[PDB]
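Asker: Right, I'll just put the structure down here and ask away after.
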Amino acid sequence: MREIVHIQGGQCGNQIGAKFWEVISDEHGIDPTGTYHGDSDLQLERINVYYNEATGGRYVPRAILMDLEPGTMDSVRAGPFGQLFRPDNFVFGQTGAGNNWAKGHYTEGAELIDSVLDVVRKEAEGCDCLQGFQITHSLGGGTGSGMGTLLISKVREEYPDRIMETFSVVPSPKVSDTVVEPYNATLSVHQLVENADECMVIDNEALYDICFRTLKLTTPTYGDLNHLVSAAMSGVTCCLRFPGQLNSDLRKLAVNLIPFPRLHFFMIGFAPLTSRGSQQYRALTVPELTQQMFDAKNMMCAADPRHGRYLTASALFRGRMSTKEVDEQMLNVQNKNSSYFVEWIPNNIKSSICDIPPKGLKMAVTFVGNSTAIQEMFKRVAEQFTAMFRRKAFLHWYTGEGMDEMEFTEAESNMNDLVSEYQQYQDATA
Amino acid sequence: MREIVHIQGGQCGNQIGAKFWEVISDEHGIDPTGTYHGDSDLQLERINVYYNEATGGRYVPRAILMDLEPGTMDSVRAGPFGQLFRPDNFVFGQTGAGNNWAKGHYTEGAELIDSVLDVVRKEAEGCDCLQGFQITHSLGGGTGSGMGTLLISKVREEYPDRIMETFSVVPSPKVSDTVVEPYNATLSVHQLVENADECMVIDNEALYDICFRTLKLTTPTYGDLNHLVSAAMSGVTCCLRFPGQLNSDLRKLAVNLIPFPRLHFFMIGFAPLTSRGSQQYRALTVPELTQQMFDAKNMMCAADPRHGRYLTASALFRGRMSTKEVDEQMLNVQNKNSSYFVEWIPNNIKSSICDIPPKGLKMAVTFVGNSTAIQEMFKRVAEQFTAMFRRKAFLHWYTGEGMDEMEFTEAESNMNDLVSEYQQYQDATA
Amino acid sequence: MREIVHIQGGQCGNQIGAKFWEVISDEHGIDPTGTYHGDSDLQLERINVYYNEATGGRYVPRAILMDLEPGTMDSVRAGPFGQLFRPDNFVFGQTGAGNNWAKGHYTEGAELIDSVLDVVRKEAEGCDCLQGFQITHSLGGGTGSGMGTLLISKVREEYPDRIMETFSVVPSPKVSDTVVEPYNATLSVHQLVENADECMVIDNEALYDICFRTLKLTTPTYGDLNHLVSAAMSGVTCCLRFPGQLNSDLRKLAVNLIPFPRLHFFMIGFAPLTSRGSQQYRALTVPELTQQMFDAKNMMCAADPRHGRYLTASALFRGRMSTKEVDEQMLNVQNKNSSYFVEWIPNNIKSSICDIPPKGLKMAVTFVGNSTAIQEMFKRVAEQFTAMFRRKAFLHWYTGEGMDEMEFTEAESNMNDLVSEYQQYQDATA
Amino acid sequence: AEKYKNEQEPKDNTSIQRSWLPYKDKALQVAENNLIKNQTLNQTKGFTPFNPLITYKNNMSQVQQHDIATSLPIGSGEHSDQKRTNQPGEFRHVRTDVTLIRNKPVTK
Amino acid sequence: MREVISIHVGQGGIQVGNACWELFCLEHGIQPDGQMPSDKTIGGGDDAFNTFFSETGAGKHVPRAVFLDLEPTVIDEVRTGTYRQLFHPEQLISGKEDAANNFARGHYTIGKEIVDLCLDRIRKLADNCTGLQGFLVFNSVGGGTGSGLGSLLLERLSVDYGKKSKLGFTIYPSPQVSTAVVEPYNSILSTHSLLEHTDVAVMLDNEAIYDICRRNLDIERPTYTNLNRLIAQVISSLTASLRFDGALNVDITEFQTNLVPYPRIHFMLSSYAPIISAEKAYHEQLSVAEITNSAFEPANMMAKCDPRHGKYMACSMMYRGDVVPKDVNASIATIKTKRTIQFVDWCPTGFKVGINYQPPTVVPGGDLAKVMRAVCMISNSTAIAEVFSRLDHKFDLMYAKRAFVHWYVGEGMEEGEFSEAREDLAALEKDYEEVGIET
Amino acid sequence: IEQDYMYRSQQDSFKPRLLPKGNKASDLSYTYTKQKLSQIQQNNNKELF
Ligand SMILES: Nc1nc2c(ncn2[C@@H]2O[C@H](COP(=O)(O)OP(=O)(O)OP(=O)(O)O)[C@@H](O)[C@H]2O)c(=O)[nH]1
Ligand SMILES: Nc1nc2c(ncn2[C@@H]2O[C@H](COP(=O)(O)OP(=O)(O)O)[C@@H](O)[C@H]2O)c(=O)[nH]1
Ligand SMILES: Nc1nc2c(ncn2[C@@H]2O[C@H](COP(=O)(O)OP(=O)(O)O)[C@@H](O)[C@H]2O)c(=O)[nH]1
Ligand SMILES: Nc1nc2c(ncn2[C@@H]2O[C@H](COP(=O)(O)OP(=O)(O)O)[C@@H](O)[C@H]2O)c(=O)[nH]1
Ligand SMILES: [Mg+2]
């Protein structure tokens, strides 16, 4: 029943998924061996959306694991909840991309993607009624940013009417660990805007800021960051899996969040977040949830939303509450900050309610916002890209695989056009 | 309902606030763990005035703690009842004020005030209906006298209609604890006179006199002074929290006590204060209470009320008595002390009654007075200021932080003008 | 219609004009070639005030460049916007003045001034209806300080009715580039006091303080200071060139700003001045604009305006707004700073408004205030002059070109008379 | 803001010197309870830290070990649950079955 | 299943190889004889040592490296030392006459009869491995046989294998501290050969390490053993990512793709931190901030060059231990704020950071202490042209009078080689000059 | 001057055309949907062999 399959590649994508399905299995009460041990029947009624059926009553992922080197899968296999994954779904190369977009999208990708395409086609035809695809990857790496986007293009050509989600984590200029990231980042975003239906941008610097400021815990790791991202992911698809007052699917989100087909980049946030030394001192109420919703620092993106104007915003509430307080809070926040909302789209806020809170919580909030403040991140990335490109630095690697500067120029031109079209729709009045 | 928030900065303000919060938690029946262990239902009817409610039913005060060195607040969390305060309500610097008004009011004070302004705005908007603000601090110190008054200016800029109580522990020359006291004291009283709706002055020497004379205890210490100040400050707002016959709020006190906008400096007194020897040997009657209340030596100010004429007075009786005897005692004290009351206004003393006495006592009286005897503190502070400033001693520390001596000139002129316009009513006749 | 002709001399005036014409051409949409490229029709109806028509449609400034060193001329011609000037307007000597006021006012200035007189009469006859003359110069130089003042004297002789204004960059002692500054400054101010209808003084010390404090830019330059002065000097003639609620030309300002004929020296300021890294937030509403106006440390002069009492003030607002907030705020400033305003001239503020804001601003203002504060600068200049003159140091060159101590003694006597008569109005009471 | 000094002589026992109030000051006996409870709690673990004052700093915190359902159960930190030995060869790869292939199939 | 091949040519090359293989033998717990001593070792997927060793079908393990030298003394010393049972007997190729510090001897006359056997050994060892990552070569430039055999083998491999990655940890002569008197000549010749045949070249000057050892370890008389041990530590820190799991791992192909902007420029210099004695290890803090600040100090350069005279273009830093990415990022931000170190305009980001969990191991009887946090740094900077300029000065001063050139013309190579190599070096200095210019 | 002004004026007289039809997946899916909806009937018309 309108199920969705999972695709992921690259080291970052694999790390994200390894904990994201841990979160999902915890929510649905599935043990690491794949046997149901839940408490309520609702945790089992809609199990088919994520988990298939196997002999003995156990459940197996409809997830696909891809990469050019075996280290990441070797690591993910031995981790907790690693026994769920079917060994067939693993597809791995013996060479590695080496942080090279050209290698990951032209040379090794062309012959390796056939097997993963066959696997995903079989998985898609297996389900009775496919709903859409979700991709989770990083655009600073080589293997992800190349083969994942080539697969996105192929799947777009094969399945036109379906919806695609892209949890894109993009390197930021502050916490930078690779030198050739601007090139493959620009190439990936140019190829990605052409096919992706929805994009959610995630910044590691923003996540570090969240952990340092809100959680106030001294020494987090990549695990905690992956946990935050996984909670954000599980939030958006909750209403599809559990009953609620107002039903909402990803197609409804796209319709209410896409004013124009070229404007499909969002910034996401989660509430509530609080340190362990301050948990006893906070009362969970709709006012607190909605004020932490719209706080600028809480966002998972480097873009400051108060530098621009929101085009659309969406909210998914989890838990039991009445519609009145949610509606009046939305009205209140739209009234008090009219300057931060565009004027020719009245009532630019969408709400949904699901009555099943996350395990160990009573109320929760997921926010997805489409605003014009995202353009600054693209502006900085393009600045770095052109600064490196005027001197033709590190270009011989990319030219060594049939690539030339034609696609460089057209990609940067398309990206500048995208920035200009965000600026235009922000600076326009009736 | 019609609740008030609390703010304290500086070491003295922090200690006074801590003791006041212990006293209020005692009166309303809250344990150090924040869980209600009260007896009568009256302790919960108006609990929301001073406390918010959180998960688990625990109540937290709506207080803000501010300072420039974490030592005092690190001690206050360690002390008893230090767990009540929410950790987010603590804001601290890292350098300290160094008894320098310039540091605390211009460079680093303005650098740090943004976060505390954010927190106080959040808390003020969270509650249903504000009734006013109450500040407790010192003028002889650096961080209090600077950053507190800067915050006063900022918050008055944003909430013009709300009432503002200030509990200022002004300096006295007999009990000297710093050499640069007159400078920052004059600056802060300058910046405070135009913004504070009511100032109430408290003298450490006066409290020492109270303890040595009336209480007759051998070795008193700042805990006792803090606790007396807390008792008076709690008695100020008894009627707003408990039922009575004639309820009187802060605005009622202001209207009854303020004939002119610039005449808002008050002196306070608390009764009954009994020594260790006669707690069982003195009757509790309205005549005895009023006789101890009107005693000049019982005041919390070094100034002698016997050297001036009261403009207005107000008393807040607690417990059960007869309004007619309250009125008769007031009328007798007015007739037999007619020389001490300004003639051109009739019946310049107000009485209010609340039905709940302080915990562990039968009847109590809180007295607030606006008289002309307050001029002595300003006179002595000003003469010290001029005698120290004509030589420009200790001036370079101030002037080396973007600060100029001309504002000192204006402060001295304004204090002379305030003294003159406050004393001309002493001799003014109808 | 009612145009004003620009005449600049000396290096200071040349650099001032180099940026004035830049700012004016930018405001009116004129390229370096005198080619119009504006968008609105409102940029051209009053373009004849500063420009003359040439064949082919080009607009050229009515500016006269005069100097003694050709170096300034061929430096300013080679720069941008230098082709606007007609070469026939360039007049320069070949021997220089050597910062010798006597040599520039008696020996070479009289010999050379004939040609510039011819050209200025040609321009004055060419203009349809002359409104006045405006001059820019400095008293810290020799050639300017002499030939300017002589030119003002003579042109006032020929045109005793037409108004005229001059801007003077007066020398400061803390940062002083000449030991001859007292001598030529005193001589030139003596010449100017009886001739200039309006004089407006500028202090490079105050400019440095402003660019260090409110701009927070680490490295200022003479170009930056010239830009600031050009912005202020463009603001004054706003409503003369553009419509508004209350147009107020130079004659209106002269009528409303000078109480007595000998008191025509002005200190000015501009607002708002935001930092270079200004975050995008809010807007410059009337309250903060008028507060930044009357910040005495915003003034472009080293004189402390609170040292004395304002004789009168004037405000030119630029942008679209109502006059209710205007006049209520001006009265609020009056009432709050009644000590700084002399009582026998109540309601002593000019309010004027123009509808077209400066480029890149929504709201702006220029302030021009006549206050009793300038007497200190005259006092210190006179003290330095008499200290240097008592032993007749550097006097022998000034005596070697035709004049003697009589001119110096009469100049200093006139200066002392000016200061004294300027001060009696300070302590005069109603 | 004080010494809590309790001793038989009254001039320096505080609780004897704070008794002039109309009521019992909840503070003195609260500290008594904190001291006696801290002693018992230290008895459970075993610290004997040369004086009771050392562990009283952190025997009073009410922070629970786990979250109380007002924040994500991210725990106290993955790094907190880490233990480190430093023998050579402890962090070598394992090559699980999914990546454990031999035969390299000949045809497609 | 990933392996690298080690080449040790020259007397200094063999001495470096001895120490690095001692370290490798220790860190996997291999006994000097060659067999696993624990007896608790398991099979399955514990073959981490495959990157360096190979299972021998019966018991022991043989290293994947070859030793080449024309002078038999050092090879005989290895064959009679404590590691007799470790190496394959026909894996340490020995010549019969030394080159006697002449490049022509090892490049035109004698090396031709040894290069064939060396290539046969390389091929027969290579078909054994299946996941060849690349080749590491060690050679002292200022030696005849070293330079000649290195050049000849590099040319042969460049056409026999093609695109396989090559990293050369070369020992150039010091600007003032030197043993021979004719090393500028064969250094010129070796540089000419090496410029267009190696993918990465790493400076390993001697007096820099001498000064570092004197300053830090408080040793007044270090010998070549300390040098070789530090080199082994550097190599192990470089390679540990291929055989130890970590948060952010890197590969051999991950360095040239992020360190050389242009094919012509591939020379760079290294640093290692911290260098601390046992007694010193106590009274210090050893945090990531101070170790990463020490790594960029000019005195900590592995080569005698001052980066303050030039610009930076790329640098790769590998941390090993219990470091955290947030702390290394904060240190990077502090470095970027620091003004003494400046980067070229067209490289806004120039940091490639890797993190590994395995702390460094300590060799018993060594000098250096051990701490659980170490950093190894490989930077390419414009300032490296200083050493080439100095060596050019040395070459000119003696080529003006045609000294010693008869013992270069008498072995068949024409005198015209010197002019060609000089022109190539001049062009290289030119390129290193214009690469640093602002646009 | 005259010719430059002519060129500038004739170029400035041209600008107001936006007509937003960014079309990659929107138009690809539009073509797919219209093809399906149209060719279903043309499939249910064929004369059998
Ligand atoms: N850093 C370092 N350098 C060494 C070592 N051994 C030799 N060298 C260098 O090698 C140079 C001389 O060449 P050698 O290595 O001794 O001999 P070769 O390179 O094989 O050439 P031949 O002399 O013909 O045998 C000396 O100048 C040293 O700088 C060593 O153990 N460590
Ligand atoms: N938030 C987050 N970021 C990660 C994680 N793993 C890797 N990254 C980021 O991904 C970047 C490296 O990407 P890379 O592994 O080369 O991508 P790949 O080549 O496609 O595998 C680093 O800058 C990390 O910041 C993770 O688990 N969580
Ligand atoms: N009554 C009373 N006065 C206090 C207390 N603590 C400090 N003071 C007074 O405050 C003065 C010092 O002020 P200070 O703490 O330096 O001000 P700050 O620097 O702004 O915090 C001293 O003269 C004391 O008399 C207290 O607990 N009770
Ligand atoms: N604000 C400003 N001041 C200037 C400029 N040029 C010169 N000055 C000031 O003028 C003084 C010297 O004047 P001077 O050049 O001798 O005048 P001249 O003899 O008429 O050329 C110096 O103290 C400078 O501060 C300028 O472009 N802007
Ligand atoms: Mg040798």
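Convention: chains lettered A, B, ... in structure tokens order; per-chain residue numbering from 1; ligands numbered from 1 as shown.
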Starting from chain D, keep only residues with some atom at most 8 Å from an atom of chain A, counting only C-alpha atoms, and report them as number ranges by chain.

Answerer: D: 63-64, 66-74, 76-79, 94-96, 98-99

Asker: Any chance you can output those residues with N, CA and C atoms as a tab-separated table (two decimals), in the first residue's frame?

Answerer:
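Saved file out-v1.tsv follows:
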chain	number	residue	atom	x	y	z
D	63	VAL	N	19.52	15.35	38.09
D	63	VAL	CA	19.51	14.92	36.70
D	63	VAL	C	19.43	13.40	36.62
D	64	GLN	N	18.43	12.90	35.91
D	64	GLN	CA	18.30	11.46	35.73
D	64	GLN	C	19.33	10.96	34.72
D	66	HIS	N	18.75	8.89	32.20
D	66	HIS	CA	18.16	8.90	30.88
D	66	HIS	C	17.27	10.13	30.70
D	67	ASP	N	16.71	10.26	29.51
D	67	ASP	CA	15.86	11.40	29.19
D	67	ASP	C	14.45	11.20	29.74
D	68	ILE	N	13.74	12.31	29.91
D	68	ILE	CA	12.44	12.30	30.57
D	68	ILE	C	11.35	12.71	29.57
D	69	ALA	N	11.55	12.36	28.30
D	69	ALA	CA	10.52	12.50	27.27
D	69	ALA	C	10.21	13.96	26.98
D	70	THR	N	11.24	14.79	26.99
D	70	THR	CA	11.11	16.14	26.46
D	70	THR	C	12.25	16.47	25.50
D	71	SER	N	13.05	15.47	25.14
D	71	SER	CA	14.09	15.61	24.14
D	71	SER	C	14.35	14.25	23.52
D	72	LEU	N	15.04	14.25	22.39
D	72	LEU	CA	15.31	13.00	21.71
D	72	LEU	C	16.20	12.11	22.58
D	73	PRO	N	15.90	10.82	22.65
D	73	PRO	CA	16.73	9.91	23.44
D	73	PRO	C	18.06	9.62	22.77
D	74	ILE	N	18.84	10.67	22.53
D	74	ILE	CA	20.15	10.52	21.90
D	74	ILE	C	21.13	9.98	22.94
D	76	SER	N	23.40	10.19	26.58
D	76	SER	CA	24.39	11.13	27.09
D	76	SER	C	25.58	11.28	26.16
D	77	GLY	N	25.64	10.51	25.08
D	77	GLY	CA	26.74	10.60	24.14
D	77	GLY	C	27.35	9.25	23.84
D	78	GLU	N	27.58	8.97	22.56
D	78	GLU	CA	28.20	7.70	22.18
D	78	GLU	C	29.62	7.62	22.73
D	79	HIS	N	30.33	8.75	22.77
D	79	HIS	CA	31.68	8.76	23.29
D	79	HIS	C	31.71	8.41	24.78
D	94	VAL	N	37.57	-6.72	9.52
D	94	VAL	CA	37.06	-8.06	9.76
D	94	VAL	C	36.59	-8.77	8.49
D	95	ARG	N	36.25	-8.04	7.42
D	95	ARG	CA	35.87	-8.65	6.15
D	95	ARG	C	34.71	-9.62	6.31
D	96	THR	N	33.53	-9.11	6.64
D	96	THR	CA	32.36	-9.94	6.89
D	96	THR	C	31.92	-10.67	5.62
D	98	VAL	N	29.39	-10.43	3.63
D	98	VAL	CA	28.85	-9.68	2.51
D	98	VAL	C	29.96	-9.25	1.55
D	99	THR	N	31.12	-8.90	2.09
D	99	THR	CA	32.28	-8.55	1.27
D	99	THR	C	33.25	-9.71	1.10

Asker: Among segment 314-386 of chain E, which ones does DSSP place in strand (DSSP E or B), written as a list in words?

Answerer: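 Result set for segment 314-386 of chain E (strand (DSSP E or B)): residues 314, 315, 316, 317, 318, 319, 320, 321, 343, 351, 352, 353, 354, 355, 356, 368, 373, 374, 375, 376, 377, 378, 379, 380 and 381 of chain E.
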
Asker: Atoms to include: N, CA and C atoms. Write the selected residues as a compact mmCIF listing (two decimals), in the first residue's frame.

Answerer:
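For reference, out25.txt as written:
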# COMPACT_ATOMS: atom_id res chain seq x y z
N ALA E 314 48.41 23.14 -1.22
CA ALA E 314 47.67 21.97 -0.77
C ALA E 314 48.40 21.35 0.41
N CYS E 315 47.63 20.75 1.33
CA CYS E 315 48.21 20.03 2.45
C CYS E 315 47.24 18.95 2.92
N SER E 316 47.78 17.76 3.18
CA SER E 316 47.01 16.64 3.69
C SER E 316 47.52 16.30 5.09
N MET E 317 46.60 16.20 6.04
CA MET E 317 46.91 15.92 7.43
C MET E 317 46.18 14.66 7.86
N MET E 318 46.92 13.71 8.41
CA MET E 318 46.34 12.48 8.94
C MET E 318 46.57 12.43 10.44
N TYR E 319 45.48 12.32 11.19
CA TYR E 319 45.52 12.17 12.63
C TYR E 319 45.30 10.70 12.97
N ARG E 320 45.98 10.24 14.01
CA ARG E 320 45.77 8.89 14.50
C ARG E 320 45.67 8.93 16.02
N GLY E 321 44.66 8.24 16.54
CA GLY E 321 44.41 8.20 17.97
C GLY E 321 42.96 8.44 18.35
N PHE E 343 47.72 31.30 2.13
CA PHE E 343 47.49 30.38 1.03
C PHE E 343 47.40 31.15 -0.29
N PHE E 351 42.88 21.91 2.72
CA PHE E 351 43.08 20.95 3.80
C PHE E 351 42.39 19.64 3.44
N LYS E 352 43.15 18.55 3.43
CA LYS E 352 42.58 17.21 3.32
C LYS E 352 42.91 16.43 4.58
N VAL E 353 41.92 16.21 5.43
CA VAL E 353 42.15 15.64 6.76
C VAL E 353 41.59 14.23 6.81
N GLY E 354 42.37 13.31 7.38
CA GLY E 354 41.92 11.96 7.63
C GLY E 354 42.09 11.60 9.09
N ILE E 355 41.25 10.70 9.60
CA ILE E 355 41.26 10.33 11.01
C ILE E 355 41.30 8.81 11.11
N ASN E 356 42.21 8.30 11.94
CA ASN E 356 42.35 6.87 12.18
C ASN E 356 42.35 6.60 13.68
N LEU E 368 61.91 7.96 20.96
CA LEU E 368 60.66 8.69 21.04
C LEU E 368 59.73 8.00 22.04
N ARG E 373 47.88 10.48 20.50
CA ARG E 373 47.49 11.36 19.42
C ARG E 373 48.70 11.75 18.60
N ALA E 374 48.65 11.47 17.30
CA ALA E 374 49.75 11.83 16.43
C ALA E 374 49.19 12.41 15.14
N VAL E 375 49.97 13.26 14.49
CA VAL E 375 49.58 13.87 13.23
C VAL E 375 50.76 13.82 12.27
N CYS E 376 50.48 13.45 11.02
CA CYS E 376 51.47 13.48 9.96
C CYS E 376 50.95 14.38 8.85
N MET E 377 51.82 15.24 8.33
CA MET E 377 51.42 16.36 7.50
C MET E 377 52.26 16.38 6.23
N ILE E 378 51.59 16.53 5.09
CA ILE E 378 52.24 16.53 3.78
C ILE E 378 51.76 17.79 3.07
N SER E 379 52.63 18.80 2.97
CA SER E 379 52.27 20.06 2.35
C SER E 379 53.11 20.29 1.10
N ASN E 380 52.47 20.80 0.06
CA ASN E 380 53.16 21.28 -1.13
C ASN E 380 53.09 22.81 -1.14
N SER E 381 54.26 23.45 -1.20
CA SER E 381 54.33 24.90 -1.09
C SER E 381 55.28 25.45 -2.14

Asker: Kindly provide, as a PyMOL selection string, the residues of chain E having any atom no farther than 7 Å from an atom of chain D, counting only C-alpha atoms.

Answerer: chain E and resi 27-28+45-46+48+243-245+358+361

Asker: Would you write out those residues with N, CA, C and O atoms, as a compact mmCIF listing (two decimals), in the first residue's frame?

Answerer:
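Output contents, as saved in result12.txt:
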# COMPACT_ATOMS: atom_id res chain seq x y z
N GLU E 27 54.39 -4.11 14.48
CA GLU E 27 53.05 -3.57 14.72
C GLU E 27 51.96 -4.59 14.41
O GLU E 27 50.88 -4.55 15.02
N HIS E 28 52.20 -5.50 13.47
CA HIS E 28 51.32 -6.66 13.33
C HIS E 28 51.70 -7.82 14.24
O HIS E 28 51.16 -8.92 14.09
N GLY E 45 38.45 -13.53 8.30
CA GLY E 45 38.63 -12.22 7.72
C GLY E 45 39.53 -11.31 8.53
O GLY E 45 39.32 -10.09 8.56
N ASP E 46 40.54 -11.88 9.19
CA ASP E 46 41.47 -11.09 9.98
C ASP E 46 42.74 -10.74 9.22
O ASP E 46 43.73 -10.35 9.84
N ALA E 48 44.43 -8.44 7.96
CA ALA E 48 44.78 -7.03 7.83
C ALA E 48 46.21 -6.87 7.33
O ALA E 48 46.54 -5.89 6.65
N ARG E 243 44.95 -0.10 6.44
CA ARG E 243 44.84 -1.33 7.21
C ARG E 243 44.25 -1.13 8.59
O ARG E 243 44.25 -2.08 9.39
N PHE E 244 43.74 0.06 8.91
CA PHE E 244 43.05 0.28 10.17
C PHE E 244 41.82 1.13 9.92
O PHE E 244 41.89 2.17 9.25
N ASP E 245 40.69 0.69 10.47
CA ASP E 245 39.43 1.39 10.25
C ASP E 245 39.42 2.73 10.99
O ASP E 245 40.05 2.87 12.04
N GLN E 358 43.73 3.80 15.33
CA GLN E 358 44.86 3.08 15.90
C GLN E 358 45.92 4.07 16.38
O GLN E 358 46.46 4.82 15.56
N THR E 361 52.30 2.82 17.49
CA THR E 361 53.02 1.84 18.28
C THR E 361 54.44 2.32 18.52
O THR E 361 54.98 3.13 17.76

Asker: Would you list the contacts of residue 380 of chain A as a PyMOL selection string, taking every protein, DNA or RNA residue within 12 Å and counting only C-alpha atoms, but skipping same-chain residues closer than 5 positions in sequence?

Answerer: (chain A and resi 171-174+182+185-186+302-303+374-375+385-387+415-416+419) or (chain E and resi 348)

Asker: Could you write out that same residue set with N, CA and C atoms as a compact mmCIF listing (two decimals), in the first residue's frame?

Answerer:
# COMPACT_ATOMS: atom_id res chain seq x y z
N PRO A 171 28.90 19.95 1.68
CA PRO A 171 30.01 20.52 2.46
C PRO A 171 29.88 22.03 2.56
N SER A 172 30.23 22.55 3.71
CA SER A 172 30.18 23.98 3.98
C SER A 172 31.59 24.56 4.03
N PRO A 173 31.74 25.85 3.72
CA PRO A 173 33.08 26.45 3.72
C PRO A 173 33.77 26.44 5.07
N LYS A 174 33.03 26.38 6.18
CA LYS A 174 33.67 26.44 7.48
C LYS A 174 34.31 25.10 7.85
N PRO A 182 34.32 21.97 -4.27
CA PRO A 182 33.44 22.87 -5.04
C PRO A 182 33.11 22.33 -6.42
N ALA A 185 30.67 19.40 -6.19
CA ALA A 185 29.43 19.92 -5.62
C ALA A 185 28.61 20.65 -6.68
N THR A 186 29.26 21.52 -7.46
CA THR A 186 28.55 22.24 -8.51
C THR A 186 28.03 21.29 -9.58
N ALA A 302 22.84 26.10 6.93
CA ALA A 302 23.64 27.29 7.19
C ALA A 302 22.90 28.57 6.82
N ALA A 303 21.87 28.48 5.99
CA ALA A 303 21.13 29.66 5.59
C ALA A 303 20.33 30.22 6.76
N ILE A 374 18.02 30.28 1.02
CA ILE A 374 18.94 29.21 0.66
C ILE A 374 19.97 29.70 -0.35
N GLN A 375 19.65 30.74 -1.11
CA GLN A 375 20.49 31.16 -2.23
C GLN A 375 21.90 31.55 -1.80
N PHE A 385 33.87 27.96 -6.44
CA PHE A 385 34.05 27.24 -7.69
C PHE A 385 34.73 28.11 -8.73
N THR A 386 34.24 29.34 -8.92
CA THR A 386 34.85 30.21 -9.92
C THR A 386 36.26 30.61 -9.51
N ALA A 387 36.50 30.81 -8.21
CA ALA A 387 37.84 31.17 -7.76
C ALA A 387 38.83 30.07 -8.10
N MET A 415 23.52 27.18 -12.54
CA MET A 415 23.47 27.49 -11.11
C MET A 415 23.28 28.97 -10.84
N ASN A 416 23.98 29.84 -11.59
CA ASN A 416 23.73 31.27 -11.47
C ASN A 416 22.32 31.64 -11.90
N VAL A 419 20.15 30.84 -8.95
CA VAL A 419 20.26 31.87 -7.92
C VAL A 419 19.48 33.11 -8.33
N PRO E 348 40.82 28.33 -1.88
CA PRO E 348 40.18 28.75 -0.62
C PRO E 348 40.26 27.66 0.43

Asker: Of the candidates A:261, A:319, A:93, A:287, which shows the shortest atom-to-atom distance to chain F, using only C-alpha atoms?

Answerer: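 For chain F, the nearest of the given residues is A:261.
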
Asker: Hey, which residues sit close to ligand 4? Say within 7 Å, counting only C-alpha atoms and all ligand atoms, and write them as a list in words.

Answerer: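 I would give the residues around ligand 4 as residues 9, 10, 11, 12, 15, 16, 99, 137, 138, 140, 141, 142, 143, 144, 145, 169, 171, 176, 177, 204, 222, 223, 225 and 226 of chain C.
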
Asker: Residues of chain A within 8 Å of chain E, counting only C-alpha atoms - could you list those as a list in words?

Answerer: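 Contact residues on the first chain: residues 98, 99, 100, 173, 174, 175, 176, 177, 178, 179, 180, 208, 221, 384, 387, 388, 389, 390, 391, 393, 394, 395, 396 and 397 of chain A.
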